[PDB]
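Residue numbers (the authors' numbering), protein chains in the order written: chain A, 50 to 97; chain B, 775 to 1209; chain C, 1 to 294; chain D, 922 to 1066; chain E, 244 to 291; chain F, 1368 to 1644; chain G, 9 to 260; chain H, 291 to 380; chain I, 252 to 402; chain J, 389 to 582. Built from N, CA and C at the ideal position, the CB exists for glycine as well. Data first, discussion second: the structure below is written as structure tokens.
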Amino acid sequence: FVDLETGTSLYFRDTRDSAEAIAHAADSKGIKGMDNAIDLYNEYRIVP
Amino acid sequence: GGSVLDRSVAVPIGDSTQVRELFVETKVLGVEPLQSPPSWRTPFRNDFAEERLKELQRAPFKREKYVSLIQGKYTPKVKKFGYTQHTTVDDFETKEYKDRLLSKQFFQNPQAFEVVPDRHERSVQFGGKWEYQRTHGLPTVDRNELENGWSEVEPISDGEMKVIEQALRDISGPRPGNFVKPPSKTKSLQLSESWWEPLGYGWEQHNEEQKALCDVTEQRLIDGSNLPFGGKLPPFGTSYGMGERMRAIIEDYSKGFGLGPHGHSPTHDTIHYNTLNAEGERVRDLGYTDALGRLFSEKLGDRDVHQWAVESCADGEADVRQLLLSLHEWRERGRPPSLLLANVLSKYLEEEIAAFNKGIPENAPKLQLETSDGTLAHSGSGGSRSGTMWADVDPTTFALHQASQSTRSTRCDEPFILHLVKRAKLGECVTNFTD
Amino acid sequence: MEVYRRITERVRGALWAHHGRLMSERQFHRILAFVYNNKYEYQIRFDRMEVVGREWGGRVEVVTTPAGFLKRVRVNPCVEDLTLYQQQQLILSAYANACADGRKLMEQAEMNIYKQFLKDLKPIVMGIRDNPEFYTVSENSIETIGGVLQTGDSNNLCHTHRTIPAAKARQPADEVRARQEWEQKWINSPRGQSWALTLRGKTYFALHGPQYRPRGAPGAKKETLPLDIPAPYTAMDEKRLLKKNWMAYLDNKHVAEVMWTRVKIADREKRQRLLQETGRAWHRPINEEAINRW
Amino acid sequence: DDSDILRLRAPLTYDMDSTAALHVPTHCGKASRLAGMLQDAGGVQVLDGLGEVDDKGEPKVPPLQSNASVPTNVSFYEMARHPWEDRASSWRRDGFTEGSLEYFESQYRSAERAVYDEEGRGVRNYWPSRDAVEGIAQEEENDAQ
Amino acid sequence: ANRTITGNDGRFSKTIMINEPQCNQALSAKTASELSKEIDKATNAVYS
Amino acid sequence: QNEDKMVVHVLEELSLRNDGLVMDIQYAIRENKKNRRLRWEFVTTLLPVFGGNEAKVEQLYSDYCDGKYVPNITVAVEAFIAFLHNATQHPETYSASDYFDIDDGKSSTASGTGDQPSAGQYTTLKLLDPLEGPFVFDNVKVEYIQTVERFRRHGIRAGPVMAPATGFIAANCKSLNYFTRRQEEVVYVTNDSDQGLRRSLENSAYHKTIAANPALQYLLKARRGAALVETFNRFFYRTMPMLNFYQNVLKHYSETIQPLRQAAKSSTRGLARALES
Amino acid sequence: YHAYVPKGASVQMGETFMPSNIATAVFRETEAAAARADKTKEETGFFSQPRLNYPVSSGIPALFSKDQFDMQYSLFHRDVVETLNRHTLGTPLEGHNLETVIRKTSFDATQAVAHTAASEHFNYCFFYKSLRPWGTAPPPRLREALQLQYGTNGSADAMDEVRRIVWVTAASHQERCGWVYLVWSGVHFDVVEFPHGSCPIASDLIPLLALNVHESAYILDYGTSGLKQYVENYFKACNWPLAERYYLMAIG
Amino acid sequence: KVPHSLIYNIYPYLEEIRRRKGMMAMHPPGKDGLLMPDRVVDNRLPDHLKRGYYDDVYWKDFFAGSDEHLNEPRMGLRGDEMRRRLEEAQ
Amino acid sequence: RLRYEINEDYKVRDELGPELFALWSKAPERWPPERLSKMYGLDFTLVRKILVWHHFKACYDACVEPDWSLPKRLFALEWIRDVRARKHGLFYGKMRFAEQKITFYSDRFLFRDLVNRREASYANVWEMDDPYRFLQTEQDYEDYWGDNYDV
Amino acid sequence: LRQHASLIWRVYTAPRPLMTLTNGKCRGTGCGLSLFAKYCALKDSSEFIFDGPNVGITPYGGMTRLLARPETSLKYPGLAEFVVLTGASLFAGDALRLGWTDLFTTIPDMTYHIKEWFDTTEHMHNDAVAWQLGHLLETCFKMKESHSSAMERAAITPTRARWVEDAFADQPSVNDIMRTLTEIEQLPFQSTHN
Ligand SMILES: [Mg+2]
């Protein structure tokens, strides 16, 4: 997954609006939630 | 003490007489309550007299040499980070804290505090079986001083911020070696393992480097035939897996990273780099060389480099070692020439540069050595400073390439004519043979 | 969280990209941990104070800690006659303007935190670019197996900047030592002697003398020379790993490489967006030779 | 009429248009939560003449003021700082024991001014005698003694 | 409860479909306040 | 001739015996040429003296960059005066661009200097912030900044805050530049030895319109008669930083040159006898 | 972002110098560029121009200004290729090598279009591949070969002599439409002059160096009388080592 | 569906949802964390310049046997250490 | 035969000096497990485990006795789950995986609690994480302290 | 009003990725609902009508913001006044050129394919998620292949842009706008400027 560059742009989608990602009105800056790593080592394990 | 809490204790100024005779001006500001001075400004609560007496009694010891009583010990001892033994910082430790701590430590075990320790064994305890609840941890600092007493932080301006993030956006620009790793920097693998050394890993590269850049009097040549697999990677299913983990290590260490000229990773899904050695050929036909390089190697001709250096410097001109160094690093290991070497070459080669420059149309690139701008990087001049077509070339590759041109003598140190006769009769195919 | 972790990954990645140094996972997380705890401290102290939002006239008052917690609500009996719906909306809008004021405060606080954080990164960052071997090439210059090709256009437009004095090294440390030399020179002068008896002088000595801090008082008790971590000259996490187990070596270098790539991709995305906003770039690929022809 | 469109730009009061301001994100999250928060605060307080101005203009029932200010002593980097050296960084460094380092540095200094100028003439020599290179410092022996 | 909003869930994906073909998909106050529930309960789901 | 040198002669001679030093001088010169700020300062300072074409002022700016121009002390003095005038008549442009320190009436103590420092006056002539100033490398720029602020805030007069005394071309001397050997062409305005700044001020046609300003009254007359000297040197440091720059270049040259020639001859003869042997 | 930026434009740093007017004009030029890109994607034939190994955004050093070389590359050569594509589709020559187009169209009047375009395509290609921007010094082995033929009792006399014979050959082709090649006959070297619409592969030689003697090549820079100067400069900018490895491959 | 046994893994996530109120939710105004390169920086030096460049900061002959950091790896070396290299070569 | 150890990023040698011991020593209440847990890039169970070990090492280092209630405090949820499991299936020990309920929750099962958490608010930060927020009813307090006959 | 506005906000702040497939027309608050999702796809049928001064009211749905971005003033000066004053429909091409969204597709029943694609996916780790989502986007919704400028549906096709900027750009009233317009209607068929 990591090797194929594809989808890494998506960590950074907040960049799509320039004057916003500076302003920080929306709390969601990241793929799964509030930031890109909130819990890296915990969340994903909820899948069997 | 910078702080709101850091005001002092009650101090004497004398009777009305001495007060009027002390102060010249007095200006008053409105009444507000008395904050009790914190524990560290309080002289009776902070007295260190015992510890200071200990320091003084040991003070003459501090004036002598440090000497290891293991003779033949040189290397320093490592003190690690966060060990309690080594912590010198007392944030709130007053005499008060040190005493509360002392007492708690003493009633933990007394036998730590005896010069000759008696047997220390645990007995029962008076609070209960759960007594640790009323006992444990370290003495606690009062929370008022924890929160409020701290120094006033020196305000950071916007200037220093903009500087820091400028430096932050300087380092995020690409380094030329990372996307496609030079075969020269991928020979450098060493593991502490007992299976890594028996197989010379980078041997063919290292052999190439040695043969091209080193005199034959001093060179060590690794032979692949005697090496474990024949200096190769074994065929797939044969080697019991020695070969496979070999390949895995190599492919993982030699992989590139960062972004390439097409703006994508080397491993990116749909779009590719170096298709059918399309870059390999692009180096084949271009090659890495300055125009200035060959103008110099043309005018100098046969005669001795060192001789030339003693010539081009009259006695008072410049250190010979300097322009010798810079010349060597410019010719092989191709680099931008230092403005020393550029000044020398300018007043040396002026007629060859004139002759190279005399025909050119107006809007086309000329060849010029002028250092009026501070920096030497020949990506900075437009490549027009020297004759270079490249922004950067890694030294090893440059040296291999220009040594593949036969001009200089490395293995030709021998007698001249014998060298040339070996070159003619044995050809260059004499090294087809590995024996 | 996000703004920080992005910059820290920038640092880690760059650290391995430019020199062969790895940052220990321990270290990488403990940076972030320090940012976090900073925020926490600011919270601890922020809850001791209150912010007052007010709606119509002054007749709806809402007292709330800057974190957005609600402590009191005062109301005119006028409001009591409205409707449950409008009462609710009124109080809710007062609460909103309170949260607004609080959030203004907090955002100044956060700017302050960001500054401290940067200041703490500076010996590392300026550790890697302040060496005699560090360099960069322009992002638009082609890279080929030998080395990097020259960008052709506008031979005036490429200026190479240099951060280091090329003659004998003057390091930040020499500058701090210079600063305390001038401090002492000023103090020990006659005009400085008279100044040290002023209020300005004693403000200066209370803030910036550590040497006079009584034993057990919070804060550093000496003045510290600025940290020097020259990147290519200091082995950090790669040598311990290389001695112990190759596998962890390969994994950690892999992590650093991945992070660096990711950072670079982000920078490409921001660049692309800024390019589209100003209309120099289209909204779908119109130039495919810039991609497919490699 | 132009004056009427001039009027549109004024912010929402409750005196003119009888509607509260919209502010959207707070309404989005906390709209259903409000009863809870309110009763946690022990209900509202109905006071009299909160925003009602008196005869000469003075506030009747003086309004509540915010104590809030940005705390200026709170840098955490100086709170937890390096355990022996007092530096404020987050950087973990394993130092060497002071006094190991001192001795070490001393013997280096001695060894190097022994090698590079052995005769104490004062100038740097890159071609040292075999006796000065493989020779042991007598200071070591003297320290044992 | 009004059968205004309907849905289709795959393992890892979620489909929320607004069904009001009569008034030309114009959401009422109740239906909108409902959608802001289904959207964030679909979006804050674990497997989406 | 081996004695008298110009700045260009020095840089082209030194270009052989110090690579790094010259590389530095030149990088710095470039970065100073890039600032719009230093340009605007030079221009708007020297405009009143010539009063004429900004073409000549711009030319003189570019020539000033190379050491090919130093202002004549006469021109210097009347430029300073012209400044005091233009800043007083309409205060808005030159108190929002050129900086004076302002009095705090929140702070009051009894002294003759410190009271004129305390209420409604200009305390000090302020130098450019370290970002907009003359060049410093980005190693040290942070510590430089911190130091500048720490010192201005707490009223420390020392280091980067104090302005070095700049030299000018003497009244009798018609020479355009600095020279390595001739020291009498260059004239310093010191506290004790003055260049007639006072007698030129009082006899100037602007003396009364400047005497009008209550704020300038402290910088004209201070317990330290060095208020005028400090205002002067500070002004020409913040406006024309590169006079001190080149002055220090030549200073350093004349200091270190002969050791370098000894090293050169010794090493070259080393490889010489080594070679012929 | 590379894919999204049009063909000509350079991607750089904002200096915030743009007034809104020209800032909009730019977006409009980009829109047009997108349209013409969509039509060039469909106008694409079998053959195409070669990618250049060296940056030509500025001129070719010591030889061409930007306008000269880009009047060769983006004007004459691309026309040649449009012609070649127009006439190799709907014929037995569809989708074959550049060779098997050159060689199977050789010496016939009926297919003269296809052959002329093909050979010009090759010549231009080989010309671009024959230019190394800052020039190069001729390798020892090639010098040894050339000396055994052209050299008369002088050191690398073969180099001055070869760069003389090339000049003479160039001046002796009067029509100013064609090419001058240094080639290997397979038994010896020589400098041959090909007329426009003729190629060394068609005559089954092996090409080493190419020089473009079309008047359209030197007109913008050296004028109409400047051919000598032109050639002299060409040797400052030529690529010898290529000629060498081709020579050595020819021999074995 | 989610098994009852695996739900504990969601806990830390759910935890800092709860704990994200206040300053922890706050981002620095103006700063996205994505800093694009603008200029080009090269600090590289000719060898003779760096021979004595770090003498004051550290000892003289700082780059001595360093192969990566020098274009001439053997400069500054005293004779012995030069001899060592050949000694291991043969 | 013992030479390699998994997870080389955090070494036991390096955790001997406990982190920020000069702080949470002095007011251990202002330092809940969260503040420290941001320090480690490991999963939850592991980092709480490590924090326990830190506290104990620190205590033994300072020559005072450690809080033995600390492991119960950090793991409180696990504690109570084990107590109620022990009362349910009748056994003494620690519940393991085989004996967990087989209930299958829906995808969005956590929504109610999610909006309850997302909208929570706290007067101070101590209220935010106190150790005892796990407990509401009396049954909770009876399960949490059954061990100390003191409490 | 409050519930619609707050709904828009909900879509804007959604924690996990929320992809709004826009199939068919949007009136004002619907425009808001579709455009502010971080992943907003447009099919050919997608449409935006920001109107309501025609029903005697001011536009709602926040799209006003999008129309006022300095970007829109750069690319299409005057377009903001055109769409806000004149109730006028914008289409997929216009929403793409303005950079309101990155994503567009022509594939039938896209929703089914998204479903079945995310059925075959395996883990929840954000590496995996990032790639799966990203690959989905690149293969369909970004137009890498089989797309042209002739084919995208556009109201503002470039002559129209020139006209709009001649009429509505930088005019300090509605009145100025229509005496301008009135002066434009008057042009002959033979003038250069017609
Ligand atoms: Mg519930």
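Membership of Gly1154(B) in any alpha helix (DSSP H) is not indicated, and neither H nor E is assigned to it by DSSP. Between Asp515(J) and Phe50(A) the beta-carbon gap is near 5 Å, inside 8 Å, which marks them as a contact. Taking 8 Å as the threshold, the shortest C-beta distance from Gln237(G) to chain B falls below it. Shortest gap from the CB of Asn367(I) to any heavy atom of ligand 1: under 7 Å. Not a single C-beta of chain I is nearer than 8 Å to the C-beta of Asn251(E). Around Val995(D), the beta-carbon contacts reaching into chain C at under 7 Å are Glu41, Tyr42, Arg45. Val991(D) and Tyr1029(D) have their alpha carbons spaced roughly 52 Å apart. Of all residues in the stretch 349 to 371 of chain H, only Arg368, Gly369, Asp370 place a beta-carbon less than 7 Å from a beta-carbon of chain D. Using a Cβ-Cβ cut-off of 8 Å, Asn333(H) is close to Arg129, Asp130, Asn131, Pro132, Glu133, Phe134, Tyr135, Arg162, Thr163, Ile164 of chain C, given in chain order. When DSSP reads this structure, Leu139(G) sits in a beta bridge with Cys246(G). Residues are counted here when their Cβ sits less than 9 Å from a Cβ of chain F; for the stretch 108 to 122 of chain C these are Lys119, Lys122, given in chain order.
Spatial neighbours of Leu1388(F) in its own chain (CB-CB distance under 7 Å, excluding positions within 5 residues in sequence) are listed in chain order as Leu1381. Under the Cβ criterion of 8 Å, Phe134(G) is not counted among the residues facing chain B.
In terms of Cα proximity to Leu808(B), the closest of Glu829(B), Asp780(B), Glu795(B) is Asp780(B). Where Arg200(C) is concerned, the enclosing alpha helix (DSSP H) starts and stops at 199 to 208. Using a cutoff of 7 Å, the CB of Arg363(I) counts as near ligand 1, since one of the ligand's heavy atoms is closer than that. In the three-state reduction of the DSSP assignment, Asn1063(D) falls in the helix class. Relative to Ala225(G), the option among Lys244(G), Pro63(G), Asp78(G), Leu213(G) whose CA is nearest is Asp78(G). For chain C, the residues of the stretch 1489 to 1504 of chain F that bring a beta carbon within less than 7 Å of one of its beta carbons are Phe1504, in chain order. The contact set of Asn245(C) on chain I, defined by CB atoms closer than 9 Å, consists of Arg254, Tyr255, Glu256, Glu259 in chain order. Interface annotation, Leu454(J): not in contact with chain E, CB-CB separation never under 8 Å.
Restricting attention to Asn1544(F), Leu1586(F), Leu1610(F), the CA atom closest to the CA of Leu1568(F) is found in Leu1586(F). One Cα belongs to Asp821(B), the other to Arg72(C), and the distance between them is close to 47 Å.
For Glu378(I), not one C-beta of chain D is nearer than 8 Å to its own C-beta. Counting of Cβ neighbours within 10 angstroms places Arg415(J) among the buried residues, the total reaching 16 or more. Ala1449(F) and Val1416(F) do touch by the CB rule: their CB atoms are close to 6 Å apart, below 8 Å.
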